[PDB]
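S.K.: My structure is stored as final.cif, with mmCIF, N, CA and C atoms.
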```cif
data_coords
#
loop_
_atom_site.label_atom_id
_atom_site.label_comp_id
_atom_site.auth_asym_id
_atom_site.auth_seq_id
_atom_site.Cartn_x
_atom_site.Cartn_y
_atom_site.Cartn_z
N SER S 120 110.71 106.38 85.06
CA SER S 120 111.47 105.63 86.05
C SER S 120 110.56 105.04 87.12
N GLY S 121 111.16 104.34 88.08
CA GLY S 121 110.43 103.60 89.07
C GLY S 121 110.39 102.13 88.72
N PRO S 122 110.25 101.27 89.72
CA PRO S 122 110.16 99.83 89.44
C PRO S 122 108.83 99.45 88.79
N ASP S 123 108.90 98.45 87.92
CA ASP S 123 107.73 97.90 87.24
C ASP S 123 106.98 97.01 88.22
N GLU S 124 105.80 97.45 88.64
CA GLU S 124 105.07 96.74 89.70
C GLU S 124 104.68 95.34 89.27
N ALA S 125 104.26 95.17 88.01
CA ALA S 125 103.93 93.84 87.51
C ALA S 125 105.14 92.92 87.57
N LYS S 126 106.30 93.41 87.12
CA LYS S 126 107.50 92.58 87.12
C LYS S 126 107.91 92.21 88.54
N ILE S 127 107.82 93.16 89.47
CA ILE S 127 108.13 92.87 90.87
C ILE S 127 107.15 91.83 91.42
N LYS S 128 105.86 92.01 91.15
CA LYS S 128 104.84 91.10 91.66
C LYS S 128 105.11 89.66 91.24
N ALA S 129 105.34 89.44 89.94
CA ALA S 129 105.62 88.10 89.46
C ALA S 129 106.88 87.53 90.10
N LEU S 130 107.87 88.37 90.40
CA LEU S 130 109.08 87.87 91.04
C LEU S 130 108.76 87.30 92.42
N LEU S 131 108.00 88.04 93.23
CA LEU S 131 107.68 87.58 94.58
C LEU S 131 106.74 86.38 94.55
N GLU S 132 105.86 86.30 93.56
CA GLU S 132 105.00 85.13 93.45
C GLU S 132 105.81 83.90 93.08
N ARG S 133 106.85 84.08 92.26
CA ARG S 133 107.73 82.98 91.91
C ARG S 133 108.56 82.52 93.11
N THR S 134 109.28 83.45 93.76
CA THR S 134 110.26 83.07 94.77
C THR S 134 109.69 82.98 96.18
N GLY S 135 108.61 83.70 96.48
CA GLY S 135 108.02 83.65 97.80
C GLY S 135 108.71 84.51 98.85
N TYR S 136 109.72 85.28 98.46
CA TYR S 136 110.41 86.17 99.38
C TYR S 136 109.54 87.37 99.73
N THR S 137 109.76 87.92 100.93
CA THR S 137 109.16 89.19 101.30
C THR S 137 109.93 90.33 100.63
N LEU S 138 109.27 91.48 100.51
CA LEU S 138 109.93 92.67 99.98
C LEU S 138 109.38 93.87 100.74
N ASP S 139 110.21 94.51 101.54
CA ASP S 139 109.78 95.58 102.43
C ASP S 139 110.42 96.89 102.02
N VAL S 140 109.59 97.89 101.77
CA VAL S 140 110.04 99.17 101.26
C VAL S 140 110.00 100.16 102.42
N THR S 141 111.15 100.71 102.78
CA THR S 141 111.24 101.76 103.79
C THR S 141 111.88 102.99 103.14
N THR S 142 111.98 104.06 103.91
CA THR S 142 112.60 105.24 103.36
C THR S 142 114.07 104.92 103.11
N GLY S 143 114.51 105.14 101.88
CA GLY S 143 115.89 104.92 101.51
C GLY S 143 116.30 103.48 101.24
N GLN S 144 115.37 102.52 101.26
CA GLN S 144 115.82 101.13 101.13
C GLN S 144 114.70 100.22 100.64
N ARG S 145 115.07 99.24 99.83
CA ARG S 145 114.19 98.13 99.49
C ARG S 145 114.88 96.85 99.95
N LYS S 146 114.23 96.10 100.84
CA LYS S 146 114.82 94.89 101.42
C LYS S 146 114.07 93.67 100.91
N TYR S 147 114.78 92.83 100.17
CA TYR S 147 114.27 91.58 99.61
C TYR S 147 114.71 90.44 100.51
N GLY S 148 113.75 89.63 100.96
CA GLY S 148 114.12 88.61 101.93
C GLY S 148 114.51 89.22 103.27
N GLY S 149 115.47 88.58 103.93
CA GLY S 149 115.98 89.04 105.21
C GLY S 149 115.01 88.94 106.36
N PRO S 150 114.64 87.71 106.77
CA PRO S 150 115.10 86.40 106.28
C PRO S 150 114.44 85.92 104.98
N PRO S 151 115.07 85.00 104.27
CA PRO S 151 114.41 84.34 103.15
C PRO S 151 113.33 83.41 103.68
N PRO S 152 112.52 82.81 102.82
CA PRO S 152 111.59 81.78 103.30
C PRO S 152 112.38 80.62 103.90
N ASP S 153 111.89 80.08 105.03
CA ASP S 153 112.70 79.05 105.67
C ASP S 153 112.77 77.78 104.83
N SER S 154 111.94 77.66 103.79
CA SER S 154 112.11 76.57 102.83
C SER S 154 113.39 76.75 102.03
N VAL S 155 113.78 78.00 101.77
CA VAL S 155 115.06 78.27 101.14
C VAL S 155 116.20 78.04 102.12
N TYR S 156 116.05 78.55 103.34
CA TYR S 156 117.14 78.55 104.31
C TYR S 156 116.57 78.68 105.71
N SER S 157 116.75 77.65 106.52
CA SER S 157 116.53 77.74 107.95
C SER S 157 117.88 77.79 108.65
N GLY S 158 117.99 78.66 109.65
CA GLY S 158 119.25 78.83 110.33
C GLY S 158 119.49 80.27 110.76
N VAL S 159 120.53 80.47 111.57
CA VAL S 159 120.85 81.81 112.07
C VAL S 159 121.35 82.69 110.92
N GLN S 160 121.28 84.00 111.14
CA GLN S 160 121.70 84.96 110.13
C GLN S 160 123.12 84.65 109.66
N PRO S 161 123.38 84.63 108.36
CA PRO S 161 124.72 84.29 107.86
C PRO S 161 125.76 85.29 108.34
N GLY S 162 126.94 84.77 108.66
CA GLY S 162 127.98 85.53 109.32
C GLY S 162 128.97 86.19 108.38
N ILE S 163 130.20 86.31 108.87
CA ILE S 163 131.21 87.11 108.20
C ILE S 163 131.59 86.47 106.87
N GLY S 164 131.78 87.29 105.85
CA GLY S 164 132.18 86.79 104.56
C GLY S 164 131.05 86.34 103.66
N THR S 165 129.80 86.54 104.08
CA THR S 165 128.63 86.09 103.33
C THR S 165 127.94 87.20 102.56
N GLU S 166 128.38 88.44 102.71
CA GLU S 166 127.73 89.60 102.14
C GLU S 166 128.61 90.20 101.05
N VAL S 167 127.99 90.60 99.93
CA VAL S 167 128.71 91.27 98.86
C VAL S 167 128.16 92.68 98.68
N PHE S 168 129.06 93.60 98.35
CA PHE S 168 128.66 94.92 97.89
C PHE S 168 128.49 94.83 96.38
N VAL S 169 127.40 95.40 95.85
CA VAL S 169 127.15 95.47 94.41
C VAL S 169 127.06 96.94 94.05
N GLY S 170 127.96 97.41 93.18
CA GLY S 170 128.04 98.80 92.83
C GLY S 170 127.82 99.02 91.34
N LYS S 171 127.66 100.30 90.99
CA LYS S 171 127.42 100.72 89.61
C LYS S 171 126.16 100.07 89.04
N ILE S 172 125.16 99.89 89.89
CA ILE S 172 123.84 99.43 89.41
C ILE S 172 123.18 100.57 88.66
N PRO S 173 122.69 100.36 87.44
CA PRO S 173 121.92 101.41 86.76
C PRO S 173 120.77 101.87 87.65
N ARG S 174 120.54 103.19 87.67
CA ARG S 174 119.68 103.78 88.69
C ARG S 174 118.21 103.44 88.51
N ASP S 175 117.81 102.91 87.35
CA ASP S 175 116.42 102.53 87.11
C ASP S 175 116.24 101.01 87.05
N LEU S 176 117.15 100.26 87.66
CA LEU S 176 117.14 98.80 87.63
C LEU S 176 116.79 98.29 89.02
N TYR S 177 115.87 97.33 89.09
CA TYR S 177 115.32 96.91 90.38
C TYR S 177 115.42 95.39 90.52
N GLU S 178 114.64 94.84 91.46
CA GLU S 178 114.88 93.46 91.90
C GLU S 178 114.52 92.44 90.83
N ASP S 179 113.59 92.77 89.93
CA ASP S 179 113.24 91.82 88.88
C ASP S 179 114.42 91.51 87.98
N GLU S 180 115.42 92.39 87.91
CA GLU S 180 116.65 92.11 87.18
C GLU S 180 117.76 91.61 88.08
N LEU S 181 117.90 92.17 89.28
CA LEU S 181 119.03 91.84 90.14
C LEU S 181 118.92 90.44 90.70
N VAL S 182 117.73 90.03 91.11
CA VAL S 182 117.58 88.77 91.85
C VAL S 182 117.88 87.58 90.94
N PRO S 183 117.33 87.50 89.71
CA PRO S 183 117.68 86.34 88.87
C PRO S 183 119.16 86.25 88.56
N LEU S 184 119.86 87.38 88.44
CA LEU S 184 121.29 87.31 88.18
C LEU S 184 122.02 86.74 89.38
N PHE S 185 121.80 87.32 90.57
CA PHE S 185 122.62 86.91 91.71
C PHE S 185 122.19 85.57 92.27
N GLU S 186 120.97 85.11 91.98
CA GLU S 186 120.60 83.74 92.30
C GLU S 186 121.46 82.72 91.57
N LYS S 187 122.14 83.13 90.49
CA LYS S 187 123.05 82.21 89.84
C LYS S 187 124.24 81.88 90.73
N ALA S 188 124.60 82.77 91.66
CA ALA S 188 125.68 82.43 92.58
C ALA S 188 125.22 81.47 93.67
N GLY S 189 123.98 81.63 94.14
CA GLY S 189 123.43 80.79 95.18
C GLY S 189 122.21 81.46 95.77
N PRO S 190 121.52 80.77 96.69
CA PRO S 190 120.29 81.34 97.27
C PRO S 190 120.57 82.59 98.09
N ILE S 191 119.72 83.59 97.91
CA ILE S 191 119.88 84.90 98.54
C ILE S 191 119.29 84.86 99.94
N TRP S 192 120.05 85.33 100.93
CA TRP S 192 119.46 85.51 102.26
C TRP S 192 118.77 86.86 102.36
N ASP S 193 119.43 87.91 101.89
CA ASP S 193 118.76 89.23 101.79
C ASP S 193 119.37 90.06 100.67
N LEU S 194 118.61 91.02 100.15
CA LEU S 194 119.11 91.99 99.16
C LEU S 194 118.59 93.35 99.62
N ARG S 195 119.49 94.28 99.90
CA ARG S 195 119.08 95.64 100.30
C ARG S 195 119.53 96.62 99.20
N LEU S 196 118.59 97.05 98.37
CA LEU S 196 118.88 98.04 97.31
C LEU S 196 118.66 99.42 97.91
N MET S 197 119.72 100.20 97.98
CA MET S 197 119.59 101.51 98.61
C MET S 197 118.92 102.48 97.63
N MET S 198 118.01 103.31 98.15
CA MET S 198 117.16 104.19 97.35
C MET S 198 117.42 105.65 97.68
N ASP S 199 117.27 106.50 96.67
CA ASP S 199 117.32 107.94 96.86
C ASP S 199 115.89 108.40 97.13
N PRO S 200 115.56 108.85 98.35
CA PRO S 200 114.17 109.22 98.63
C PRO S 200 113.71 110.44 97.86
N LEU S 201 114.62 111.24 97.30
CA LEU S 201 114.20 112.42 96.55
C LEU S 201 113.82 112.09 95.11
N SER S 202 114.60 111.24 94.46
CA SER S 202 114.37 110.92 93.05
C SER S 202 113.51 109.69 92.85
N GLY S 203 113.39 108.83 93.85
CA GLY S 203 112.69 107.58 93.66
C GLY S 203 113.40 106.59 92.78
N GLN S 204 114.69 106.80 92.51
CA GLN S 204 115.55 105.83 91.86
C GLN S 204 116.49 105.23 92.89
N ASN S 205 117.14 104.13 92.53
CA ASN S 205 118.10 103.58 93.48
C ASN S 205 119.37 104.43 93.51
N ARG S 206 120.18 104.23 94.55
CA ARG S 206 121.40 105.00 94.74
C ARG S 206 122.59 104.47 93.94
N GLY S 207 122.41 103.41 93.15
CA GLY S 207 123.51 102.82 92.42
C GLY S 207 124.20 101.65 93.10
N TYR S 208 123.76 101.25 94.30
CA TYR S 208 124.40 100.14 94.96
C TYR S 208 123.42 99.40 95.87
N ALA S 209 123.86 98.23 96.31
CA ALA S 209 123.05 97.28 97.05
C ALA S 209 123.98 96.41 97.86
N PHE S 210 123.46 95.82 98.94
CA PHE S 210 124.18 94.76 99.63
C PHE S 210 123.39 93.47 99.50
N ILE S 211 124.09 92.36 99.27
CA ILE S 211 123.44 91.07 99.12
C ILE S 211 124.09 90.11 100.09
N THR S 212 123.29 89.56 101.00
CA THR S 212 123.78 88.51 101.89
C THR S 212 123.39 87.17 101.29
N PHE S 213 124.37 86.29 101.12
CA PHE S 213 124.08 84.91 100.75
C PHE S 213 124.05 84.00 101.98
N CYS S 214 123.66 82.74 101.76
CA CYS S 214 123.53 81.79 102.86
C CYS S 214 124.85 81.13 103.23
N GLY S 215 125.90 81.34 102.45
CA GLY S 215 127.20 80.80 102.79
C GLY S 215 128.30 81.59 102.12
N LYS S 216 129.51 81.42 102.67
CA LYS S 216 130.68 82.11 102.14
C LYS S 216 130.95 81.73 100.69
N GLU S 217 130.74 80.46 100.35
CA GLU S 217 131.06 79.97 99.02
C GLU S 217 130.19 80.65 97.96
N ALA S 218 128.90 80.83 98.25
CA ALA S 218 128.01 81.54 97.32
C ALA S 218 128.40 83.01 97.16
N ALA S 219 128.77 83.67 98.26
CA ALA S 219 129.21 85.06 98.15
C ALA S 219 130.45 85.17 97.26
N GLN S 220 131.42 84.27 97.46
CA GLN S 220 132.60 84.29 96.59
C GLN S 220 132.22 84.00 95.14
N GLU S 221 131.27 83.09 94.94
CA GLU S 221 130.79 82.82 93.58
C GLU S 221 130.13 84.05 92.96
N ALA S 222 129.44 84.88 93.76
CA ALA S 222 128.85 86.10 93.22
C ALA S 222 129.92 87.07 92.73
N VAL S 223 131.03 87.17 93.45
CA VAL S 223 132.16 87.96 92.96
C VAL S 223 132.70 87.38 91.66
N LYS S 224 132.92 86.07 91.63
CA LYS S 224 133.51 85.44 90.45
C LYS S 224 132.61 85.58 89.22
N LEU S 225 131.30 85.42 89.40
CA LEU S 225 130.39 85.48 88.24
C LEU S 225 130.02 86.91 87.87
N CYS S 226 129.80 87.78 88.86
CA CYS S 226 129.12 89.04 88.61
C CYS S 226 129.99 90.28 88.68
N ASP S 227 131.20 90.22 89.25
CA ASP S 227 132.06 91.40 89.14
C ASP S 227 132.32 91.64 87.66
N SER S 228 132.12 92.89 87.22
CA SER S 228 132.26 93.35 85.83
C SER S 228 131.11 92.91 84.93
N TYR S 229 130.05 92.31 85.48
CA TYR S 229 128.98 91.81 84.62
C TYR S 229 128.25 92.98 83.95
N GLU S 230 128.12 92.93 82.62
CA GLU S 230 127.48 93.99 81.84
C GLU S 230 125.96 93.81 81.90
N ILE S 231 125.36 94.30 83.01
CA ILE S 231 123.94 94.05 83.26
C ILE S 231 123.04 94.80 82.27
N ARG S 232 123.48 95.96 81.79
CA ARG S 232 122.86 96.68 80.70
C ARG S 232 123.98 97.08 79.75
N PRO S 233 123.68 97.36 78.49
CA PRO S 233 124.74 97.74 77.55
C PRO S 233 125.60 98.88 78.09
N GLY S 234 126.91 98.65 78.11
CA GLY S 234 127.86 99.64 78.59
C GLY S 234 127.94 99.83 80.10
N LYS S 235 127.20 99.05 80.89
CA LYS S 235 127.10 99.27 82.33
C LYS S 235 127.54 98.00 83.06
N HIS S 236 128.76 98.02 83.61
CA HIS S 236 129.36 96.87 84.26
C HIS S 236 129.22 97.00 85.77
N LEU S 237 128.77 95.92 86.41
CA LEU S 237 128.65 95.93 87.86
C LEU S 237 130.03 95.84 88.51
N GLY S 238 130.14 96.38 89.71
CA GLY S 238 131.26 96.10 90.60
C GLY S 238 130.78 95.25 91.76
N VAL S 239 131.43 94.11 91.99
CA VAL S 239 131.02 93.21 93.06
C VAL S 239 132.22 92.80 93.89
N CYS S 240 132.11 92.92 95.22
CA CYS S 240 133.18 92.45 96.09
C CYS S 240 132.61 91.97 97.42
N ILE S 241 133.40 91.16 98.13
CA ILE S 241 133.01 90.79 99.49
C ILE S 241 132.98 92.04 100.35
N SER S 242 131.88 92.24 101.07
CA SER S 242 131.76 93.39 101.95
C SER S 242 132.48 93.07 103.26
N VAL S 243 133.47 93.89 103.60
CA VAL S 243 134.26 93.72 104.81
C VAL S 243 134.21 95.03 105.59
N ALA S 244 134.66 94.97 106.84
CA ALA S 244 134.68 96.17 107.66
C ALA S 244 135.98 96.93 107.44
N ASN S 245 135.94 98.23 107.74
CA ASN S 245 137.12 99.07 107.64
C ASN S 245 137.99 98.88 108.88
N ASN S 246 139.01 99.72 109.02
CA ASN S 246 139.94 99.61 110.13
C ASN S 246 140.02 100.92 110.92
#
```
I'd like the structure from this file rewritten - as structure tokens, please.
M.R.:
Amino acid sequence: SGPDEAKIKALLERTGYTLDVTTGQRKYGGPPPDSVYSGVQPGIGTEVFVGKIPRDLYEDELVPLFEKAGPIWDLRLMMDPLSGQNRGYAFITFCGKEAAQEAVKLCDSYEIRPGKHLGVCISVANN
């Protein structure tokens, strides 16, 4: 297990996004390169929750899929600091509401690995 360093490296060389690893989290972009998006942090309705991510799957797989909805502002893959695998979920901020809704339409139930379907929804606050 663990992310494939070569695959991650080629991803960042292709897209130019930053990738910052902290305890419990991998943050892709946030902000993206301003060539992708200049502007204030995207607001309400622009973030999706992505669940049921296979625990050994990392950004080299997630980013090309969700880029099909639109340009990514940030991707935060939550990590288990004890196992060094991801926690099974991530938050993805897009640059607009329309792209976030497109991520739900395209990627909710997407079979990213055999037998493993993602759950995707607009991330909203509780009450």
S.K.: Step by step, work through what the PyMOL selection byres ((chain S and resi 218) around 8) selects in the shown file, and finish by giving those residues as an mmCIF file with N, CA and C atoms, keeping the file's coordinate frame.
M.R.:
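Result went into expr_7.cif, see below:
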```cif
data_model
loop_
_atom_site.group_PDB
_atom_site.id
_atom_site.type_symbol
_atom_site.label_atom_id
_atom_site.label_comp_id
_atom_site.auth_asym_id
_atom_site.auth_seq_id
_atom_site.Cartn_x
_atom_site.Cartn_y
_atom_site.Cartn_z
ATOM 1 N N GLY S 164 131.780 87.290 105.850
ATOM 2 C CA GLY S 164 132.180 86.790 104.560
ATOM 3 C C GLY S 164 131.050 86.340 103.660
ATOM 4 N N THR S 165 129.800 86.540 104.080
ATOM 5 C CA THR S 165 128.630 86.090 103.330
ATOM 6 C C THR S 165 127.940 87.200 102.560
ATOM 7 N N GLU S 166 128.380 88.440 102.710
ATOM 8 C CA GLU S 166 127.730 89.600 102.140
ATOM 9 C C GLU S 166 128.610 90.200 101.050
ATOM 10 N N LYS S 187 122.140 83.130 90.490
ATOM 11 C CA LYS S 187 123.050 82.210 89.840
ATOM 12 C C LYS S 187 124.240 81.880 90.730
ATOM 13 N N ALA S 188 124.600 82.770 91.660
ATOM 14 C CA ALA S 188 125.680 82.430 92.580
ATOM 15 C C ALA S 188 125.220 81.470 93.670
ATOM 16 N N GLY S 189 123.980 81.630 94.140
ATOM 17 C CA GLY S 189 123.430 80.790 95.180
ATOM 18 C C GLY S 189 122.210 81.460 95.770
ATOM 19 N N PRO S 190 121.520 80.770 96.690
ATOM 20 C CA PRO S 190 120.290 81.340 97.270
ATOM 21 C C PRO S 190 120.570 82.590 98.090
ATOM 22 N N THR S 212 123.290 89.560 101.000
ATOM 23 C CA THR S 212 123.780 88.510 101.890
ATOM 24 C C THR S 212 123.390 87.170 101.290
ATOM 25 N N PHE S 213 124.370 86.290 101.120
ATOM 26 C CA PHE S 213 124.080 84.910 100.750
ATOM 27 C C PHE S 213 124.050 84.000 101.980
ATOM 28 N N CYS S 214 123.660 82.740 101.760
ATOM 29 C CA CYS S 214 123.530 81.790 102.860
ATOM 30 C C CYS S 214 124.850 81.130 103.230
ATOM 31 N N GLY S 215 125.900 81.340 102.450
ATOM 32 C CA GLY S 215 127.200 80.800 102.790
ATOM 33 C C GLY S 215 128.300 81.590 102.120
ATOM 34 N N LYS S 216 129.510 81.420 102.670
ATOM 35 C CA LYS S 216 130.680 82.110 102.140
ATOM 36 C C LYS S 216 130.950 81.730 100.690
ATOM 37 N N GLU S 217 130.740 80.460 100.350
ATOM 38 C CA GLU S 217 131.060 79.970 99.020
ATOM 39 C C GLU S 217 130.190 80.650 97.960
ATOM 40 N N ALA S 219 128.770 83.670 98.260
ATOM 41 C CA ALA S 219 129.210 85.060 98.150
ATOM 42 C C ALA S 219 130.450 85.170 97.260
ATOM 43 N N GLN S 220 131.420 84.270 97.460
ATOM 44 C CA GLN S 220 132.600 84.290 96.590
ATOM 45 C C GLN S 220 132.220 84.000 95.140
ATOM 46 N N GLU S 221 131.270 83.090 94.940
ATOM 47 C CA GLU S 221 130.790 82.820 93.580
ATOM 48 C C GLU S 221 130.130 84.050 92.960
ATOM 49 N N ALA S 222 129.440 84.880 93.760
ATOM 50 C CA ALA S 222 128.850 86.100 93.220
ATOM 51 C C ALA S 222 129.920 87.070 92.730
ATOM 52 N N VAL S 223 131.030 87.170 93.450
ATOM 53 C CA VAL S 223 132.160 87.960 92.960
ATOM 54 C C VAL S 223 132.700 87.380 91.660
ATOM 55 N N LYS S 224 132.920 86.070 91.630
ATOM 56 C CA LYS S 224 133.510 85.440 90.450
ATOM 57 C C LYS S 224 132.610 85.580 89.220
#
```
S.K.: So how far away is atom CA of residue 239 of chain S from atom C of residue 227 of chain S, in Å?
M.R.: 5.8 Å
S.K.: Which is closer to residue 198 of chain S than all the others in S:177, S:156, S:136, S:185, using only C-alpha atoms?
M.R.: S:177
S.K.: Would you please give, as a PyMOL selection string, all residues of segment 127-245 of chain S that DSSP assigns to strand (DSSP E) based on the backbone?
M.R.: chain S and resi 138-141+144-148+166-170+191-198+205-213+230-232+235-236+238-241
S.K.: Atom CA of residue 229 of chain S to atom CA of residue 173 of chain S: how many Å, to one decimal?
M.R.: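 Atom CA of residue 229 of chain S sits 12.1 Å away from atom CA of residue 173 of chain S.
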